[PDB]
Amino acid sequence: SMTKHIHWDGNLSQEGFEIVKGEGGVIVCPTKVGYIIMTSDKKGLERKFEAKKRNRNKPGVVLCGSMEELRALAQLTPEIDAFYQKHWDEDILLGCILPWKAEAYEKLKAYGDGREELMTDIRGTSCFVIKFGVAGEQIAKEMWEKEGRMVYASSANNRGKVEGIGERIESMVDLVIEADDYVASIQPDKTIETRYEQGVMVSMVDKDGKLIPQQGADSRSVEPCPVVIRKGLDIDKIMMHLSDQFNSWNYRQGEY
């Protein structure tokens, strides 16, 4: 009920790491567009859904700390792989809905705690995200490289401010990391009414959850194809990259 608050200094949070590494750990953490709740197991995921009162059919997302973790876990084509690399190189926040590699999904289930219920959907897909904010990027990278563990997330209710997360969430969590100034510096040209509050999402799967086909630089009008389903931070740079990499794609705001 009482909760410890600390200020992020730009280096890896050792306190935040040790908490999420521990069984059932749950923290709040700053991102480029606001605040997220972060956990790494089924016990922590239950706490998250309860605290937000979130629909159980709406899964948490997978936070990637490197391109190596992404390629170990998700099915890819050479175009999709190349699409992500450019976002990595240029440091742009990006999320894509992909299927799991068969062997990765077996390992996933090996944990035995039944976490697949809360971070994949019924078709077996997840949203894999990169370059979402340094503070959380540092923690996800340590967990992966030094413990072989994954980290999962959902948004912390907020207008970009830590006092916006609300009383319920704040008392049910083990630690809150603050950095209001970091969040504000990301969009200095905007106001509270005009700033983006979420990141872009792109579907890379057809309606059954199967990977979209390879197009080819010389093809036209190929379907099924990539689909933008949520508008967000840097949408202008992302559509420019879509049109450089695919001759065929769709824009469908509000389909998630």
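One rule holds for the numbers: they count along the sequence shown, beginning at 1.
The gap between residue 157 and residue 158 holds 4 to 9 unmodelled residues of the deposited sequence. Across the two stretches, 1 to 9 and 245 to 253, the PDB entry reports the greater mean Cα temperature factor for 1 to 9. As the entry records it, the average C-alpha temperature factor is higher for 109 to 117, out of 172 to 180 and 109 to 117. Among 44, 60, 226, 30, the highest C-alpha B-factor recorded in the PDB entry belongs to 60. Of all the options 64, 212, 217, 36, the entry's greatest CA B-factor is assigned to 64. In this PDB entry, the Cα temperature factor of residue 167 sits in the top third of its chain's modelled residues, the highest group. Annotation for residue 51: CA B-factor lies in the highest third of the chain's modelled residues. Annotation for residue 194: C-alpha temperature factor in the highest third relative to the rest of the modelled chain, per the entry. Per the deposited record, the Cα B-factor of residue 139 falls in the lowest third when ranked against the other modelled residues of its chain.
When all modelled residues of the chain are sorted by CA temperature factor, residue 146 is found within the highest third.
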